[PDB]
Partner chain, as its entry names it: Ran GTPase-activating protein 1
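As structure tokens, one chain now follows by itself in the form deposited without the partner chain.
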């Protein structure tokens, strides 16, 4: 499958939706999220299934499935 739908959730209850390529680096999703929410990349870390998402990870590599949740946390800034 070329694309996957994902949502990014925060502890503040926000839920932001994305549709991205399965084989594209997740750095590009992180950058989009930061642009949409008006915050810098160094201020957040993103987890999937309890593990940190590296910039070079892809949905395919991580075994993501349609409408999976990704969690965003505030980083020490610090």
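Residue numbers count along the first chain shown, from 1. Residues that one form lacks are left out of the comparison. Heads up, when I say rigid core I mean the largest set of C-alphas that superpose within 1.5 Å between the two forms.
The same protein also has a form deposited with the partner chain bound, omitted here; what follows describes it.
- In the deposited bound form, the residues of 49-78 lying within 4.5 Å of the partner chain by at least one heavy atom are, in order, 75, 77, 78.
- In the core-superposed comparison between this form and the one not shown, the C-alpha atom of residue 37 has shifted by at least 2 angstroms.
- By the rule of 2 Å per CA over three or more consecutive residues, the rigid core superposition between this form and the one not shown yields shifted runs at 36-39, 76-78.
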